[PDB]
Structures are given as structure tokens and as C-alpha cells.
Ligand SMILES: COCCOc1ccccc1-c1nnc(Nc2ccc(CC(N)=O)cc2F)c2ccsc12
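Here's a solo chain for you in C-alpha cells, the form deposited without the named molecule.
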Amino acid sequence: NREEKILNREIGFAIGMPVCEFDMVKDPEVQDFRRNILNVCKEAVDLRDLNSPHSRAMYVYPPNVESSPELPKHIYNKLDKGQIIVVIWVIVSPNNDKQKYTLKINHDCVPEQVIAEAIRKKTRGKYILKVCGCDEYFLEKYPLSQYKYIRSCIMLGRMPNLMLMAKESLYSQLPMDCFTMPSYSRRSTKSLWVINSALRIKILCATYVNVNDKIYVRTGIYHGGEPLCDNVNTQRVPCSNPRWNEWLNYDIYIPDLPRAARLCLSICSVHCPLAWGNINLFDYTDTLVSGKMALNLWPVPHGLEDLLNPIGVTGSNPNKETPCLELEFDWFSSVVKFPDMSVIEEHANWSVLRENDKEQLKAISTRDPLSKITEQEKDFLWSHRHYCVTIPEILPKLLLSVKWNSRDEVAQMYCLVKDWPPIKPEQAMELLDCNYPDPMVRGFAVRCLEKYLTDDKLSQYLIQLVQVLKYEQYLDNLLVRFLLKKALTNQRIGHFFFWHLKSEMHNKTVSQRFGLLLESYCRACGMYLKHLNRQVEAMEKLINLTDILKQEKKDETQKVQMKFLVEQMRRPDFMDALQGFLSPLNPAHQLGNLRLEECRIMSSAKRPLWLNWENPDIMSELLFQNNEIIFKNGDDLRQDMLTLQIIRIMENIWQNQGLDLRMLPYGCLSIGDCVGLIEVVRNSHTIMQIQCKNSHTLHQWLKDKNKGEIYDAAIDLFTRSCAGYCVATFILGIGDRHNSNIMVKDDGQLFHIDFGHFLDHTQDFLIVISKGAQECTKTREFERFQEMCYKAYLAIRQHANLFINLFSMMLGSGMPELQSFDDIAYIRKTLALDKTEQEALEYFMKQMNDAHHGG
């Protein structure tokens, strides 16, 4: 009717292509995916609408809290006998008069326990605490130290500004929104293990094979990246008539193919491959493909080594002009189905010590997921299946020991997975990579993922959990139903879940899968769809604004380029879309009225856009009066977000161990095709600008801005904020540390800025470390700059598996740095976990003393 036709237009605006364009898809899987089996996401809507409007407040404004309630030991010493001073504001007045209160509370006070003391001070479930200057609310019962804002105040010794609002005022801001089902929501066999035959797949011809010496098709059965059998060749034929009509015979027995087994295609010319394509041998209904099939082949491999592409996308190229290879897979005069779990469980049951072996299990468990496991070690893990259960973290290595060529082994391993003890979520994430493709294995991780991930940990790893959706071979699966439910229960999760999918829409390998996912999110996200629509039109206004600035690239600032930006932002169509919404880079920051005098274009080779937005809050001055965000268009920001996510994980590990590393990872998001946003850090200047364009001017600026008892802190933190970025630069192999890539805050805290590429491709810093000494090396303060570095990598080395699992997931992301696992070998190269950290230290000095010529 009218409302359904109305709703379907902004949904197509928020995703970029119409909803009706999904109705013309002929694929039964796509239409079946959109049907009511996936619209059970109404359970998310029913959950968030259950205890309205409190549940709608929790959904719209989810708490930004910490994973661990317990405060670090060194941070607990920053308090005053377990007390934190907070300023409580109660504003009841005609227009703008504000009342200020100061409280003496514990650091772990309940958010509604602050009200009791604040009201008691005023009067020597009615109010809520909002952070002054942003839309952050203390709605959930969590310790104040657990909340990110108050803990960050203890991080830097800042003053926590919290103000009082009546809960009825926030509730009135959340009108009820209901979920309505769409039009398309209305609406024996033969086992695979009973047919005694070998796998036999016919190659007929290539419709539009890319050729301009002979052409042959290279095929192989794969389960992840390992070969499920010997690859089978095809007779070479002339390029003019690539007609093959050959029934290739595979050494793999038909009642031996695993559920996730798939056939990989490769048209090769003599031996350079021409095109690649993977075909799932089964379907989402557990049906082995039969009859004639047509597949359009993807473009020339993936810049990889071997001919086939075992890991990738299982499907036909959306472009119909791509080389199309038609195949006649099977003909058994019946419908052949992969057996149910009950048959498999009985099949496995039918078939069925304190030596160094128990100590060898621990050694294999602690090894990193790139140390190749030898066959004798793989056979070693085979015979200790009943003992590998005692060590839950051996499961990733056990799943590579089992051979998927054998029906009895895979059936035996299935019974292990169901009774396998739950593991840590960080380890369970590796089970969702390109390897480990078995649906029971792939679904085991999700069950532990949904039980042990917190909302903030999910927020840190959300960029990783999205990228592993592509490693799933079907549109409907256990992982997406976990991710979709999370996005429709938390606005903060849903905000970044939406923007991460939408950023990956220009990629036709995932546009079909992500487009269906976005539609299921946009249909049930509630009133946030119009907020998201405002952000989408605000960003797409800037995307065309930056693109039209790229037309006049050869121009200077304070000129045609600068005057075009000034005049084009005063236009009511431009200006209305560019205010009164929530910042894409932070859902709690309202990008209100613009400041045309405070928005400019940087005079750099990229020319990004400095954009300044007022803070429309009655108490905006208590945090910040303006939002500064860098909108740049032309360079990919996916590498930047990954590196900045490593920094956050790196500093969190160091902080929890009593190492007061105080590095600052600035906000970063990717919103489209190499388009993104950067959270500006104010009160910070590039070193290249500090030295106006001598090797002592850097220390002078820090000295005159910190005079008296505060001079030590500008030096105490400068050493700690420079040590953390030298280790992080070398561990991650980040590029040249240009003077323009580094900025230092007013109070000595410095950080690195141009990140991106990594793992490959008399200093004014030192005089500051020695507190202005001419020879820093001989000074005592230099030993603190080195002893703290030495105590640091042990935290990274003890937690190197996390930095490996999180890197194994971006292979299917299109980022050139992480094409293969060989690019993650740099992590174990610069950390050396196979060695001992008694001897891994010596490798670190030999690298710092070679580039810096001693020290």
C-alpha cells in the first residue's frame, strides 16, 4: 500500500539500489533468503520493544562500558583512596540557568546511586545521567569506572562532567516504531552415502573464454585451502573451439565429500591461469548439484601463486559478459542429499600415559597459527583426540590434523565438536576464517561467540566479524543471524554494522550478500533509518562535494577551491542535509550547525576536507564546543582502521599489566569506496610545523608549554607515548615515520598519524627523553625509555595469537597488504614466539641499533 511503497524508497536510498531490483532476482536462494525465515529478526524487534520505552532507550542509547569491571592496579592508584571527584549539573530554569554540584563518590558507583548523593547535596527512578556535550547516557547498571567516559577521565586525570535529566524527557524523544512484514513474507530422496561411485564432472565448453598456446581447464576438489584429492587435468584444445565434452574422473569417492566440499575451476593457457571459479558441490538445502550447470568465471585469479583459487567466492560472476563455462555435473536419476547429523553420528559410533606426549600437546596448543604442522605431528594429534578435549585451545590444530578426504574421520571429528568445551571468543574467532570451512565447525564458533563476546569486544572485532561473512558459502547461515540480531539490538553496534556493510557495496563479490543483509537491517532498524538516511545523504553530499573538488585539482587554497566550498555549503539543500544528525564516526556526537569560517581544505597532496560542526547541547562547553572531522575521498581507509584497532588492543594489553602506555588511537571509519572519516585530535601539532618551515626547537615548545610542577608530566608521558609507537611501528612494520606523520599534544603525549601500509615496503626525540640533555644516551632517563620498552613486548608476545587471528581475517577484504598468510609471517618474525623471549629480546636491540646507529 502507501506505507510499504513509502518505506521501500528510503531503504533503497540508504543502500544505493532499489528494493524492487531485488525482486527481479531469479535465484531461488536469494528469494528464499529474504522470506520469513530471515524475518524472524522480528525477535530482535520484539526484544527491543518488550519493556518500552526503557528497552527502546537501551537500544537507541546503549551503554559504552568496559569489558572488565575491575580497574587496573596503576589506575586505581590515580584515585584518592578509591574516590573520584565528579561535577553534577542540575538544570531547572526558564531558559539557560545551570546549577553546579560537586560530589565525593567511589569509582565503582551505580549510575543511579550518583543521583542519591547529588539530590542529597541539593536538598541539604526519575532522573538519568547524560554526559555533558554528547548524547551518552548512563542507563544500564554498571560501575562508573566501567563506563568508558569516566574511566577515560581517570586515564588523563580529567574532570568527569555529568548532568541530570528527567527520564521522561529522554523517553519523549523515542516515539514508538513498529515492524511490518513486507509483501514477500506471506510464503523419498537418495542419500549421498548410498551411491557407490566416484566423483565425475563433465566439462562441456567455454562460452566467452578470454583469449586473443592451447587452452585447458584445470579443476580440483577443495575443502578450504587443502586439496580434497589429486587435481584432474583436461586435454588441451585450440582456442578457436574450446569444446571439451570430457567426463573428468576424480579420485575422491562420492560418499566421502564433506558438506563444505566445493569444486574449484581454472581455465589456464600454456601455464598462466585465465579465470577462476568455485562451485559448491552442495546447496543450502543439502543437495549435491546435478544436471547441466552454467558458471561465469571471475577475472584473472587474484594475484596469487597457484593455478586454482581454493579460497574465494563460490558463485557465478554477476557480469554476464565474463567467460562462461557450462558443466554437466551429475546424473543419478534421483535427488541426492548429504546425510543428516543423526546418520553421521551413528556412522562415527559404528567405527569405534604421562609421557612427553602430554607435554607435546601443550607445545602445539601455544604455537601460532602459521607454524606449519608436520605430518608426524598431524598424525600425533589424530591418536590423541580423546585427550585433546582436555586442552580446549588445541581445536584449531586438531581440525587441520583431520583429513576431510575420509568419511569416517570427518564423522569422528563431528562428535568431537558438539562435546568440545567452549573456548575464549578471541580463539573461537579463528574458527571463522577462510580455513575451517565445515558448517558444524563454522557454527561452533558462533555459539561460543554469542556466549562470551561482550558488546564492547564485539565493537572492537566488528570489522573482523563482518569480513568472515564472505567466507560462508551460503547467504543464510548461523553467523549472519548472530550479527543481524546484534545490529537490531544495539544502536552503536547497528550504526557500525550498517556502515561497514555499506562501505563494501561497490564490490560485486559481496554486494548481493551485503545488499540483502542491509535490507533486513534497514527494514527493522526502527526510527534510526531516517537518521541513517540523513547520514547517507550527508555523506553522499560530501562524496560529490569532494569529487567536484577533484575536478579543479590544480588550484591553491584560499582561492577557487576554497571559495567553492564556502558557497556550496550555504545552499539550503546542502546545508539542511549537513546539520541536525548523528556523526557517522561517533553516534553520540550531533553534527549540528556548521561553521563556514572553521571549515577548510588542507593544503596537502590529497586535499581532504576539514569540517567543523557545533555541539547543540545545553552543556556542550564541558566537553567540547565543536566537532572536527576529516572527510577525505580518494584513498582507502581500511588499512588505517585496522592499524588503529591494533593500537587500541595493544594499549589495552599494556594498561592491564601495569604499563602506563598512553598512546591515543583516533577515530576512523570507512563509509564507502575508499571514503572515510577521521576524528580530529585538537591541541596537537605536527613536528614539521613545530619546526617552522636546528634540532632543539622540539624540546623548547614542550618546555614553555609545561612550566613548574607540570614539566615532568610533559616528559614523563612523552617517553611513554613515544616508546609505544616505536615498538608498534616495528612490530607491525609500518612505513616511514615522517615528521609530518607525528603530532604531540600540549601535555607531551604524541602519536602517529599516517598509517595505512604496514608489515612491508642526535635526534630531537631523544633530547626530550633525557629532559633536555645534549647526550641522551649517557643519561639515566634513557634507561627508563628502554627498560619500559623491554617490559612491553612480553605483553605483546604473550598475546601474539590474538594479533595473528585478527590478521588472518582480512585476506578476503581486498586489502593488498593481507593477500596471503605469508604477509602475516612478519608478525612472528618481529615477535619470535617459536624462540624464547630470553633470546627474542636480542633481536629487538639489533634492529633499533642498526637504523639509529647504536644506542
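Throughout, we count residues from 1 along the sequence that is shown.
- The deposited sequence places 10 or more unmodelled residues between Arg187 and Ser188.
- The entry models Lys81 and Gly82 with no unmodelled deposited residue separating them.
The same protein has a further form, the form deposited with the named molecule bound, not shown here; the description that follows concerns it.
- Not one of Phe380, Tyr387 and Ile391 is positioned with any heavy atom within 4.5 Å of the named molecule in the bound PDB entry.
- Within 4.5 Å of some heavy atom of the named molecule in the bound PDB entry lies at least one heavy atom of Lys100.
- Residue contact check for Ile715: none of its heavy atoms lie within 4.5 Å of the named molecule in the bound PDB entry.
- Put simply, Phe730 is far from the named molecule in the bound PDB entry: not one heavy atom of it is within 4.5 Å.
- Taking non-hydrogen atoms only, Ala118 approaches the named molecule to within 4.5 angstroms in the bound PDB entry.
- Only one of 570 to 578, 457 to 465, 86 to 94, 322 to 330 places residue heavy atoms within 4.5 angstroms of the named molecule in the bound PDB entry, namely 86 to 94.
- Contact with the named molecule in the bound PDB entry, judged by any heavy atom within 4.5 Å, is made by just one of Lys707, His271, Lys122, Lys214: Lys122.
- For the options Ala261, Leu164, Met429, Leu565, the residue carrying a heavy atom within 4.5 angstroms of the named molecule in the bound PDB entry is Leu164.
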